[PDB]
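Novice: Below you'll find upload-v8.tsv; it's TSV, C-alpha atoms and all ligand atoms.
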```
chain	number	residue	atom	x	y	z
B	1	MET	CA	34.63	-121.69	32.93
B	2	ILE	CA	35.23	-118.24	34.38
B	3	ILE	CA	35.97	-116.58	37.69
B	4	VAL	CA	34.18	-113.31	38.43
B	5	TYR	CA	35.54	-110.94	41.07
B	6	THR	CA	33.44	-108.22	42.70
B	7	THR	CA	33.51	-106.35	46.00
B	8	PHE	CA	30.85	-105.35	48.52
B	9	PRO	CA	30.75	-102.69	51.27
B	10	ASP	CA	29.77	-105.25	53.92
B	11	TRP	CA	28.93	-108.86	54.73
B	12	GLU	CA	25.17	-108.27	54.68
B	13	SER	CA	25.08	-107.11	51.05
B	14	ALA	CA	27.70	-109.63	49.93
B	15	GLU	CA	25.83	-112.60	51.40
B	16	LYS	CA	22.44	-111.39	50.14
B	17	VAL	CA	23.63	-110.88	46.57
B	18	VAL	CA	25.61	-114.14	46.44
B	19	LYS	CA	22.68	-116.20	47.79
B	20	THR	CA	20.34	-114.70	45.17
B	21	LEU	CA	22.88	-115.54	42.46
B	22	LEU	CA	23.05	-119.11	43.74
B	23	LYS	CA	19.27	-119.44	43.93
B	24	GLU	CA	18.94	-118.25	40.35
B	25	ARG	CA	21.82	-120.62	39.57
B	26	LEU	CA	23.87	-117.97	37.77
B	27	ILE	CA	26.89	-119.30	39.67
B	28	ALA	CA	27.88	-122.65	41.21
B	29	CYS	CA	29.53	-121.08	44.24
B	30	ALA	CA	31.28	-118.11	45.76
B	31	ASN	CA	34.25	-117.47	48.04
B	32	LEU	CA	33.91	-114.39	50.27
B	33	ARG	CA	36.78	-112.78	52.19
B	34	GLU	CA	37.48	-109.36	53.71
B	35	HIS	CA	40.02	-106.83	52.48
B	36	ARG	CA	40.92	-103.15	52.71
B	37	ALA	CA	40.42	-101.11	49.58
B	38	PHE	CA	42.20	-97.92	48.60
B	39	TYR	CA	40.77	-96.20	45.53
B	40	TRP	CA	40.34	-92.92	43.71
B	41	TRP	CA	36.96	-91.25	44.04
B	42	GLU	CA	36.25	-87.73	42.81
B	43	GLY	CA	39.64	-86.21	43.54
B	44	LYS	CA	40.34	-88.07	46.79
B	45	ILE	CA	41.89	-91.41	47.71
B	46	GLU	CA	39.23	-93.30	49.69
B	47	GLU	CA	39.87	-96.06	52.22
B	48	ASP	CA	37.16	-98.65	52.94
B	49	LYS	CA	36.78	-102.13	54.36
B	50	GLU	CA	35.03	-104.44	51.90
B	51	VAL	CA	34.10	-108.07	51.41
B	52	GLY	CA	35.63	-109.45	48.22
B	53	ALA	CA	33.77	-112.16	46.35
B	54	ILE	CA	35.15	-114.77	43.96
B	55	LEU	CA	32.29	-116.24	41.90
B	56	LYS	CA	32.66	-119.35	39.74
B	57	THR	CA	30.42	-120.10	36.76
B	58	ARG	CA	30.11	-120.91	33.05
B	59	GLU	CA	31.57	-118.70	30.33
B	60	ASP	CA	28.23	-118.39	28.52
B	61	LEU	CA	26.57	-116.99	31.66
B	62	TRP	CA	28.86	-113.95	31.90
B	63	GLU	CA	26.52	-111.40	30.31
B	64	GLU	CA	23.48	-112.52	32.31
B	65	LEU	CA	25.48	-112.73	35.54
B	66	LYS	CA	27.01	-109.28	35.04
B	67	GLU	CA	23.59	-107.76	34.39
B	68	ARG	CA	22.09	-109.37	37.48
B	69	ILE	CA	24.94	-108.23	39.71
B	70	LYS	CA	24.41	-104.70	38.34
B	71	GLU	CA	20.74	-104.76	39.35
B	72	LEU	CA	21.44	-106.16	42.83
B	73	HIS	CA	24.69	-104.43	43.78
B	74	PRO	CA	24.61	-101.70	46.47
B	75	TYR	CA	27.46	-99.83	44.75
B	76	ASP	CA	26.44	-97.57	41.86
B	77	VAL	CA	29.67	-98.39	40.02
B	78	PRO	CA	30.68	-101.87	41.26
B	79	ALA	CA	33.67	-103.89	40.10
B	80	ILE	CA	32.58	-106.91	38.04
B	81	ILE	CA	35.81	-108.43	36.76
B	82	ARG	CA	35.86	-111.54	34.58
B	83	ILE	CA	38.91	-113.79	34.38
B	84	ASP	CA	38.76	-116.75	32.01
B	85	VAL	CA	40.01	-120.05	33.42
B	86	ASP	CA	42.61	-121.55	31.10
B	87	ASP	CA	42.01	-125.07	32.42
B	88	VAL	CA	40.32	-126.85	35.31
B	89	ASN	CA	39.86	-130.51	36.24
B	90	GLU	CA	36.97	-131.89	34.19
B	91	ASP	CA	35.26	-133.54	37.15
B	92	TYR	CA	34.90	-130.14	38.81
B	93	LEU	CA	33.81	-128.44	35.59
B	94	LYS	CA	31.06	-131.08	35.33
B	95	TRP	CA	29.76	-130.28	38.80
B	96	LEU	CA	29.81	-126.57	37.98
B	97	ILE	CA	28.02	-126.97	34.64
B	98	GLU	CA	25.45	-129.22	36.33
B	99	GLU	CA	24.75	-126.76	39.17
B	100	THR	CA	24.31	-123.74	36.88
B	101	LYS	CA	21.15	-122.83	34.93
B	102	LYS	CA	20.65	-124.14	31.39
L	1	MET	CA	54.16	-119.06	34.62
L	2	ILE	CA	50.73	-119.89	35.98
L	3	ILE	CA	48.68	-119.54	39.13
L	4	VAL	CA	46.58	-122.40	40.41
L	5	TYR	CA	43.64	-121.79	42.72
L	6	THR	CA	42.12	-124.50	44.91
L	7	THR	CA	40.16	-124.65	48.17
L	8	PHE	CA	40.33	-126.88	51.24
L	9	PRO	CA	37.86	-127.72	54.05
L	10	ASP	CA	40.41	-126.83	56.74
L	11	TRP	CA	43.92	-125.57	57.45
L	12	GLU	CA	45.13	-129.05	58.33
L	13	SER	CA	44.51	-130.56	54.89
L	14	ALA	CA	45.52	-127.34	53.14
L	15	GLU	CA	48.93	-127.30	54.84
L	16	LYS	CA	49.60	-130.99	54.29
L	17	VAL	CA	48.83	-130.78	50.57
L	18	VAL	CA	50.74	-127.54	49.98
L	19	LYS	CA	53.81	-128.79	51.86
L	20	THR	CA	53.72	-132.03	49.87
L	21	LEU	CA	53.62	-130.11	46.59
L	22	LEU	CA	56.59	-128.04	47.76
L	23	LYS	CA	58.64	-131.06	48.86
L	24	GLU	CA	57.98	-132.60	45.45
L	25	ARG	CA	58.99	-129.31	43.82
L	26	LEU	CA	55.75	-129.01	41.82
L	27	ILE	CA	55.22	-125.40	42.95
L	28	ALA	CA	57.54	-122.56	43.94
L	29	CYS	CA	55.26	-121.31	46.69
L	30	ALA	CA	51.70	-120.72	47.83
L	31	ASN	CA	49.50	-118.07	49.47
L	32	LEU	CA	46.76	-119.36	51.78
L	33	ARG	CA	43.90	-117.45	53.41
L	34	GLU	CA	40.45	-118.25	54.80
L	35	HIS	CA	37.16	-117.42	53.10
L	36	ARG	CA	33.47	-118.14	53.60
L	37	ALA	CA	32.19	-120.44	50.87
L	38	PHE	CA	28.62	-120.75	49.57
L	39	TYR	CA	27.89	-123.50	47.04
L	40	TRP	CA	25.32	-125.91	45.66
L	41	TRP	CA	25.59	-129.51	46.78
L	42	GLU	CA	22.89	-132.08	46.03
L	43	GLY	CA	19.94	-129.70	46.21
L	44	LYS	CA	21.27	-127.50	49.01
L	45	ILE	CA	23.22	-124.24	49.25
L	46	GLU	CA	26.00	-125.17	51.68
L	47	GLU	CA	27.88	-122.56	53.70
L	48	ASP	CA	31.31	-123.44	55.06
L	49	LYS	CA	34.63	-121.93	56.11
L	50	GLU	CA	37.40	-122.97	53.73
L	51	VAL	CA	41.04	-122.17	53.14
L	52	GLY	CA	41.74	-120.84	49.67
L	53	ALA	CA	45.15	-121.60	48.19
L	54	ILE	CA	46.98	-119.66	45.48
L	55	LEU	CA	49.82	-121.73	44.02
L	56	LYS	CA	52.56	-120.43	41.70
L	57	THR	CA	54.44	-122.69	39.31
L	58	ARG	CA	55.58	-123.23	35.70
L	59	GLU	CA	53.25	-123.80	32.76
L	60	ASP	CA	54.85	-127.12	31.80
L	61	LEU	CA	54.16	-128.54	35.27
L	62	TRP	CA	50.38	-128.00	35.10
L	63	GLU	CA	49.19	-131.50	34.11
L	64	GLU	CA	51.49	-133.24	36.59
L	65	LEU	CA	50.48	-130.78	39.31
L	66	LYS	CA	46.78	-131.15	38.53
L	67	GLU	CA	46.93	-134.94	38.77
L	68	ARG	CA	48.98	-134.81	41.98
L	69	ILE	CA	46.47	-132.49	43.65
L	70	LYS	CA	43.59	-134.76	42.63
L	71	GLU	CA	45.31	-137.63	44.46
L	72	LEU	CA	46.05	-135.65	47.62
L	73	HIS	CA	42.89	-133.55	47.94
L	74	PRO	CA	40.40	-134.34	50.75
L	75	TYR	CA	37.46	-133.14	48.64
L	76	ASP	CA	35.90	-135.71	46.34
L	77	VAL	CA	35.39	-132.96	43.75
L	78	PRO	CA	38.03	-130.25	44.41
L	79	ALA	CA	38.46	-127.07	42.43
L	80	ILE	CA	41.80	-127.08	40.59
L	81	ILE	CA	41.75	-123.85	38.60
L	82	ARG	CA	44.56	-122.76	36.26
L	83	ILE	CA	45.05	-119.10	35.35
L	84	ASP	CA	47.96	-118.21	33.06
L	85	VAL	CA	50.08	-115.22	34.08
L	86	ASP	CA	50.35	-112.76	31.19
L	87	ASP	CA	53.59	-111.24	32.45
L	88	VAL	CA	55.75	-111.09	35.57
L	89	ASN	CA	58.96	-109.41	36.68
L	90	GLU	CA	61.95	-111.35	35.33
L	91	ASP	CA	63.78	-111.84	38.62
L	92	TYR	CA	60.73	-113.48	40.18
L	93	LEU	CA	60.22	-115.77	37.19
L	94	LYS	CA	63.86	-116.89	37.33
L	95	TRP	CA	63.46	-117.52	41.05
L	96	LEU	CA	60.30	-119.58	40.41
L	97	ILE	CA	62.00	-121.70	37.76
L	98	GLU	CA	64.96	-122.40	40.03
L	99	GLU	CA	62.62	-123.47	42.85
L	100	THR	CA	60.62	-125.96	40.75
L	101	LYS	CA	61.87	-129.35	39.60
L	102	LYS	CA	63.75	-129.70	36.32
I	1	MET	CA	42.45	-103.62	32.03
I	2	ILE	CA	44.69	-105.78	34.18
I	3	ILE	CA	45.09	-106.92	37.75
I	4	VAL	CA	48.57	-106.94	39.29
I	5	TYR	CA	49.23	-109.17	42.29
I	6	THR	CA	52.10	-108.61	44.71
I	7	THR	CA	52.77	-109.36	48.38
I	8	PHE	CA	54.35	-107.41	51.22
I	9	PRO	CA	55.97	-108.35	54.54
I	10	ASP	CA	53.64	-106.10	56.55
I	11	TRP	CA	50.83	-103.53	56.42
I	12	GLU	CA	53.11	-100.52	56.83
I	13	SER	CA	54.94	-101.25	53.59
I	14	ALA	CA	51.84	-102.48	51.74
I	15	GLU	CA	49.88	-99.29	52.41
I	16	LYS	CA	52.82	-96.93	51.84
I	17	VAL	CA	53.58	-98.50	48.46
I	18	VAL	CA	49.95	-98.72	47.36
I	19	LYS	CA	49.18	-95.15	48.42
I	20	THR	CA	52.22	-93.94	46.45
I	21	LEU	CA	51.04	-95.82	43.35
I	22	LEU	CA	47.60	-94.22	43.73
I	23	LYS	CA	49.00	-90.72	44.27
I	24	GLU	CA	51.00	-91.08	41.06
I	25	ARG	CA	47.87	-92.50	39.41
I	26	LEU	CA	49.60	-95.67	38.23
I	27	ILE	CA	46.60	-97.65	39.52
I	28	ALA	CA	42.91	-96.81	40.11
I	29	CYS	CA	42.72	-98.86	43.28
I	30	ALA	CA	43.88	-101.80	45.34
I	31	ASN	CA	42.51	-104.48	47.64
I	32	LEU	CA	44.77	-105.60	50.50
I	33	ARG	CA	44.35	-108.68	52.69
I	34	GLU	CA	46.55	-110.94	54.81
I	35	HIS	CA	47.52	-114.49	53.89
I	36	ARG	CA	50.11	-117.07	54.90
I	37	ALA	CA	52.87	-117.73	52.38
I	38	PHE	CA	54.67	-121.07	52.12
I	39	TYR	CA	58.04	-121.37	50.38
I	40	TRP	CA	61.57	-122.75	50.68
I	41	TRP	CA	64.05	-120.89	52.85
I	42	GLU	CA	67.26	-122.04	54.51
I	43	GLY	CA	66.71	-125.63	53.39
I	44	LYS	CA	63.19	-125.96	54.79
I	45	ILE	CA	59.58	-125.02	54.14
I	46	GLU	CA	58.86	-121.74	55.88
I	47	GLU	CA	55.53	-120.06	56.64
I	48	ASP	CA	55.30	-116.27	56.66
I	49	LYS	CA	52.43	-113.88	57.22
I	50	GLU	CA	52.17	-111.40	54.36
I	51	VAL	CA	49.81	-108.76	53.06
I	52	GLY	CA	48.66	-109.59	49.55
I	53	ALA	CA	47.67	-106.74	47.27
I	54	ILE	CA	45.47	-106.86	44.19
I	55	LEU	CA	46.00	-103.75	42.07
I	56	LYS	CA	43.75	-102.65	39.22
I	57	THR	CA	44.93	-100.53	36.29
I	58	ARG	CA	45.22	-100.08	32.51
I	59	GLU	CA	47.14	-102.51	30.30
I	60	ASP	CA	49.33	-99.73	28.86
I	61	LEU	CA	50.53	-98.74	32.34
I	62	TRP	CA	51.97	-102.21	33.09
I	63	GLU	CA	55.60	-101.49	32.21
I	64	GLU	CA	55.71	-98.21	34.13
I	65	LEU	CA	53.87	-99.74	37.08
I	66	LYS	CA	56.15	-102.79	37.25
I	67	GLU	CA	59.28	-100.64	37.28
I	68	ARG	CA	57.82	-98.37	39.96
I	69	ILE	CA	56.90	-101.29	42.20
I	70	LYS	CA	60.47	-102.59	41.81
I	71	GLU	CA	61.80	-99.22	43.01
I	72	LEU	CA	59.43	-99.03	46.00
I	73	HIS	CA	59.09	-102.66	47.13
I	74	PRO	CA	60.65	-103.81	50.44
I	75	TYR	CA	61.33	-107.33	49.10
I	76	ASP	CA	64.49	-107.81	47.04
I	77	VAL	CA	62.72	-110.26	44.73
I	78	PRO	CA	59.05	-109.22	44.90
I	79	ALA	CA	56.25	-110.94	43.06
I	80	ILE	CA	54.80	-108.57	40.44
I	81	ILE	CA	52.25	-110.68	38.59
I	82	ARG	CA	50.13	-109.42	35.70
I	83	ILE	CA	46.82	-111.13	34.89
I	84	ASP	CA	44.79	-109.69	32.01
I	85	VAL	CA	41.10	-109.06	32.62
I	86	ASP	CA	39.02	-110.76	29.93
I	87	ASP	CA	35.94	-108.61	30.46
I	88	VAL	CA	34.53	-106.16	32.99
I	89	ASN	CA	31.44	-103.97	33.35
I	90	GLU	CA	32.16	-100.97	31.16
I	91	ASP	CA	31.05	-98.26	33.57
I	92	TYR	CA	33.75	-99.48	35.96
I	93	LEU	CA	36.29	-99.60	33.13
I	94	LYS	CA	35.41	-96.02	32.13
I	95	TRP	CA	35.98	-94.92	35.73
I	96	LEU	CA	39.28	-96.79	35.91
I	97	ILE	CA	40.76	-95.30	32.75
I	98	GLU	CA	39.72	-91.75	33.73
I	99	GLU	CA	41.41	-92.07	37.14
I	100	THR	CA	44.73	-93.32	35.81
I	101	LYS	CA	47.57	-91.24	34.35
I	102	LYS	CA	47.99	-90.68	30.62
B	201	CL	CL	32.25	-122.97	30.77
B	202	CL	CL	42.16	-113.57	46.84
B	203	CL	CL	61.11	-107.36	34.60
B	204	CL	CL	28.46	-102.83	31.58
B	205	NA	NA	44.22	-115.06	30.79
```
Could the structure of this file be written out as structure tokens, please?
Ligand SMILES: [Cl-]
Ligand SMILES: [Cl-]
Ligand SMILES: [Cl-]
Ligand SMILES: [Cl-]
Ligand code: NA
Specialist:
Amino acid sequence: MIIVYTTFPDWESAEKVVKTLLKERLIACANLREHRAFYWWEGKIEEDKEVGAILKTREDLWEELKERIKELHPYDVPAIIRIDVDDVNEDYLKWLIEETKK
Amino acid sequence: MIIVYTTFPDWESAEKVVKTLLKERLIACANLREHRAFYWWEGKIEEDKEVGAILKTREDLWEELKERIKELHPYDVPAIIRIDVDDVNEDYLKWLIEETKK
Amino acid sequence: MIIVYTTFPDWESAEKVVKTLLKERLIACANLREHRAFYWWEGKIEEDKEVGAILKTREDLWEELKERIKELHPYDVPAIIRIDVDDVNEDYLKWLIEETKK
């Protein structure tokens, strides 16, 4: 399986996007939590509150998930970071595989 | 070393489990913070407040740690995710090894 | 690209360090959020509020970044954890590499 990390400007957009992803079953679940971001943007260091999202899904769904997030994301250049899971308990992996599209 | 990510339904269970893992020297430490979870569960997209836990330990302790968490976890199907650390400062690694059993 | 995870004792140090790393373009950005750390100290399990920081940068900047964090960090034995990113949207990766030193 894989973990996908992305960030949103607010709770409204984060919740809307994540719910759509769940409805389309591109992910089995998401963990949302606030954070403060500091980043470079056109010659200036920006500071913004964001809602970070940890999405969990199947490895084979990466491409489709990434594309969908791109179409739904409020940011023009969002962060869609994929981290492969080296191992996970099989009983959980089963639930995840079962709850994701196939 | 490795990082292990798991979630709990509340702070009570999260603390109990983490402290048990520490007393048994299966992990060097943990980072816990709340998050809003959205997931599929028997035909419904559940929304709940959870406590996410980031555990740090040695690679050779993974299996034993995974099985121990399965026994202690309040969730019937908990997420026990392993992510290998590609590199880390040496002093921290040495500290982590000294803190974990064997 | 890679993600580097470290923790700080407070927001003052977290933001000062992160802003310095950005100014020197060792990272493209960072996400900071509080958490509760659990670890052994003085013979017992201690709980401490910390500010976790997720930094995003290029793989080739790892060594320089790690050494810089060591020089700036308030902790004597800080956690400087590198986790390689398996995949990421390429428009974000293009942005990230163009904002970091070289
Ligand atoms: Cl998978
Ligand atoms: Cl996190
Ligand atoms: Cl080192
Ligand atoms: Cl892309
Ligand atoms: Na990896």
Novice: If you measure from atom CA of residue L:22 to atom CA of residue I:50, what distance in Å do you get, rounded to one decimal?
Specialist: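 That distance, rounded to one decimal, is 18.4 Å.
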Novice: For stretch 70-82 of chain L, find every residue with an atom within 7 Å (counting all atoms listed in the file), except residues of its own chain fewer than 2 positions away, and show them as a list in words.
Specialist: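 Result of the neighbour search: residues 85, 86, 87, 88, 89, 91 and 92 of chain B; 2, 3, 4, 5, 6, 7, 13, 17, 66, 67, 68 and 84 of chain L.
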Novice: Show me, as a ChimeraX atom specification, the residues that have an atom within 9 Å of residue L:56 when counting all atoms listed in the file, minus same-chain residues fewer than 4 positions from it.
Specialist: /L:1-4,27-31,96
Novice: Any residue with an atom at most 10 Å from ligand CL 202 (chain B) counts, using all atoms listed in the file. Which are they? Put them as a PDB file with C-alpha atoms, keeping the file's coordinate frame.
Specialist:
```pdb
ATOM      1  CA  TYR B   5      35.540-110.940  41.070  1.00  0.00           C
ATOM      2  CA  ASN B  31      34.250-117.470  48.040  1.00  0.00           C
ATOM      3  CA  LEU B  32      33.910-114.390  50.270  1.00  0.00           C
ATOM      4  CA  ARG B  33      36.780-112.780  52.190  1.00  0.00           C
ATOM      5  CA  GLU B  34      37.480-109.360  53.710  1.00  0.00           C
ATOM      6  CA  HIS B  35      40.020-106.830  52.480  1.00  0.00           C
ATOM      7  CA  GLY B  52      35.630-109.450  48.220  1.00  0.00           C
ATOM      8  CA  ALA B  53      33.770-112.160  46.350  1.00  0.00           C
ATOM      9  CA  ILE B  54      35.150-114.770  43.960  1.00  0.00           C
TER      10      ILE B  54
ATOM     11  CA  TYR L   5      43.640-121.790  42.720  1.00  0.00           C
ATOM     12  CA  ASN L  31      49.500-118.070  49.470  1.00  0.00           C
ATOM     13  CA  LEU L  32      46.760-119.360  51.780  1.00  0.00           C
ATOM     14  CA  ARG L  33      43.900-117.450  53.410  1.00  0.00           C
ATOM     15  CA  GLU L  34      40.450-118.250  54.800  1.00  0.00           C
ATOM     16  CA  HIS L  35      37.160-117.420  53.100  1.00  0.00           C
ATOM     17  CA  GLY L  52      41.740-120.840  49.670  1.00  0.00           C
ATOM     18  CA  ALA L  53      45.150-121.600  48.190  1.00  0.00           C
ATOM     19  CA  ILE L  54      46.980-119.660  45.480  1.00  0.00           C
TER      20      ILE L  54
ATOM     21  CA  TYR I   5      49.230-109.170  42.290  1.00  0.00           C
ATOM     22  CA  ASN I  31      42.510-104.480  47.640  1.00  0.00           C
ATOM     23  CA  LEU I  32      44.770-105.600  50.500  1.00  0.00           C
ATOM     24  CA  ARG I  33      44.350-108.680  52.690  1.00  0.00           C
ATOM     25  CA  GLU I  34      46.550-110.940  54.810  1.00  0.00           C
ATOM     26  CA  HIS I  35      47.520-114.490  53.890  1.00  0.00           C
ATOM     27  CA  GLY I  52      48.660-109.590  49.550  1.00  0.00           C
ATOM     28  CA  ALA I  53      47.670-106.740  47.270  1.00  0.00           C
ATOM     29  CA  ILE I  54      45.470-106.860  44.190  1.00  0.00           C
TER      30      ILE I  54
END
```
Novice: Report, to one decimal in Å, the C-alpha RMSD of chain I against chain L after an in-order least-squares superposition over all those atoms.
Specialist: 0.7 Å
Novice: Just to confirm, what's the straight-line distance from atom CA of residue I:62 to atom CA of residue I:97 in Å (one decimal)?
Specialist: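 These atoms are spaced 13.2 Å apart.
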Novice: What is the distance between atom CA of residue L:102 and atom CA of residue I:46, in Å to one decimal?
Specialist: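 That distance, rounded to one decimal, is 21.7 Å.
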Novice: Would you please work out which residue, of I:15, I:42, I:48, I:60, is nearest to chain L when using only C-alpha atoms?
Specialist: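 Going through I:15, I:42, I:48, I:60 one by one, the smallest distance to chain L is for I:48.
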Novice: Identify which of the residues B:95, B:61, B:101, B:49 lies closest to chain I, counting all atoms listed in the file when measuring atom-to-atom distances.
Specialist: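 For chain I, the nearest of the candidates is B:49.
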Novice: Hey, which of B:38, B:57, B:98, B:69 ends up closest to residue I:20? Count all atoms listed in the file.
Specialist: B:38
Novice: Give the centre and edge lengths of an axis-aligned box, in Å to one decimal, that holds all listed atoms of stretch 37-50 of chain I with 8 Å on each side, as lines of an AutoDock Vina configuration file.
Specialist:
```
center_x = 59.7
center_y = -118.7
center_z = 53.8
size_x = 31.1
size_y = 30.6
size_z = 22.8
```
Novice: Tell me which of I:63, I:10, I:24, I:90 sits closest to chain L, counting all atoms listed in the file.
Specialist: I:63
Novice: My list of candidates is B:44, B:16, B:23, B:58. Which is closest to chain L when distances are computed with only C-alpha atoms?
Specialist: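 Counting only C-alpha atoms, the residue closest to chain L is B:23.
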Novice: Taking only C-alpha atoms and all ligand atoms into account, which of B:43, B:83, B:93, B:100 comes nearest ligand NA 205 (chain B)?
Specialist: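 Looking at the shortest contact to ligand NA 205 (chain B), the residue is B:83.
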